[PDB]
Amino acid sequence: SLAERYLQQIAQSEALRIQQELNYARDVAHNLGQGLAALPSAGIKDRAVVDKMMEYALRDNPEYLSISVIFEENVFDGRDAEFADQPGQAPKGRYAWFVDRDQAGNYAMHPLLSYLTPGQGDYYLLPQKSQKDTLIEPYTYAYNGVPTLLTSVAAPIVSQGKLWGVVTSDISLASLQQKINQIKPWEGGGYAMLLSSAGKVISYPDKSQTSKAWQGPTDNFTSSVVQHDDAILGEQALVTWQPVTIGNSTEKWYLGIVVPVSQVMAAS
């Protein structure tokens, strides 16, 4: 049907827009990583140089929560054992650090205490093993004493067959929701929703649903158009899903478009 193809095409356009936002974040992390891997080749072995490069990347991205960098064991300078148990360092002396902004807006380095533990540390552990770009399931981190729901857009660092580590761009769920809730897919109405790979809510007009498992209408996040009793719109709605993918990832997120049957069938 012509209406349903048009609806499918709207969903495609909107998934491409949000895909551009997430790829931008992947690119910041991926391109920062390629430059960091060039440093040992050029004879630069000073971890303060990595700190400054990470700082300038965060500086250029004022809405990001932080940038995180994890090199593989010893590959940067060979000195993980010297840092191993010193105060304020990361587990086993690894170059595993992130940069964020303080309450005054100046830039601070903090060690990645979580990077070896399953769950919290998946921003490192999952892409380290797959060597694939990865949109990480939503989780929580306290920045300046404020619990914050976020995702990480993680990019393995691969060059000349060698894994150098992982770089991530750390993105608040709120900032994503700010873009998704602007989407008005049909004559200034309807709404858009965004779901993770595991089907966790990234953005839904009922913010109380954030980070929770979706328990609703999808038939395996189909591209087909399906009619549902929608609680946000309070009427019969048409729903279609489109995938969102970054870099070389094989997994995906799902953008959903929801429009009222009344305004669609009636426009005909």
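Note that residue numbering follows the sequence shown and begins at 1.
- Stretches compared: 132-140, 77-85. Higher mean C-alpha B-factor in the entry: 77-85.
- Look at the C-alpha B-factors of 221-229 and of 28-36. On average they run higher in 221-229.
- Reading the B-factor column for the CA atoms of 168, 182, 172, 196 in the entry, the top value corresponds to 182.
- Out of 152, 177, 117, 103, the entry records its largest CA B-factor for 103.
- Residue 203: CA B factor in the middle third of modelled residues in this chain (values from the PDB entry).
- In the PDB entry, a CA B factor belonging to the lowest third of its chain's modelled residues is recorded for residue 97.
- Residue 91: CA B factor lies in the highest third for its chain, per the PDB record.
- Ranked within its chain, residue 127 lands in the lowest third, by CA B factor from the PDB record.
- For residue 55, the recorded CA B-factor ranks within the lowest third of the chain. Only modelled residues enter the ranking.
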